[PDB]
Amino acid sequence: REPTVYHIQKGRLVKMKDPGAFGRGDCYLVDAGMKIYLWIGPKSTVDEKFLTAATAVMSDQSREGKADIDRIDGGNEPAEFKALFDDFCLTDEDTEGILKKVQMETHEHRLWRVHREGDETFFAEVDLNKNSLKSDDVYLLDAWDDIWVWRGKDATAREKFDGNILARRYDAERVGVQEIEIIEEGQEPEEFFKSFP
């Protein structure tokens, strides 16, 4: 373990006192002077790969660009890379990433009226409250992880059609799985009414 290694942990570079072991879930910056290695674990996350690459260029431009950056895929290391260390090995260590899933409080939810006069379909934001759901239109409740299509008792078939489709596009935009729920006026579950503040 002659070369200086920086282990990626939670958006910072911690330099190890004894390099050599490499965790499959993590990323490392191997600094060996004029050669700089990005060791990228096959199960590492995007924040870890990113800091490794950005830090390398910073290290390289720190040394007037003379250094040579290479990338090593973990688990397919070249023999000359492994011999850099007294006894190199692979482990299953995985420091969790920094990036968080977005979470919305109920008061951040947004309610939207879907009304078609005869020519065109309107999509408007309305005050976030049960007292905004009018029986004549369709209302789309954006609850981040959940999308509710509320069909008033007197909505047009096409307002229910269109409102359903723009719910599908909410789910297409957003990472992960969003549950779209078609609910009828007078049949809406407890969980829907809770999505208002």
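Numbering starts at 1 and follows the sequence shown.
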item: 161 to 169 or 54 to 62, whichever carries the higher mean Cα B-factor; value: 54 to 62
item: 102 to 110 or 119 to 127, whichever carries the higher mean Cα B-factor; value: 119 to 127
item: Which of 142, 136, 70, 48 ranks first by CA B-factor in the deposited coordinates; value: 136
item: Third assignment of residue 27 from its chain's C-alpha B-factors; value: lowest
item: CA B-factor ranking of residue 156, expressed as a third of its chain; value: middle
item: Record-listed C-alpha B factor of residue 149: chain third; value: lowest
item: Lowest, middle or highest third - CA B-factor, residue 36; value: middle
item: Third of the chain, ranked by Cα B-factor, where residue 77 sits; value: lowest
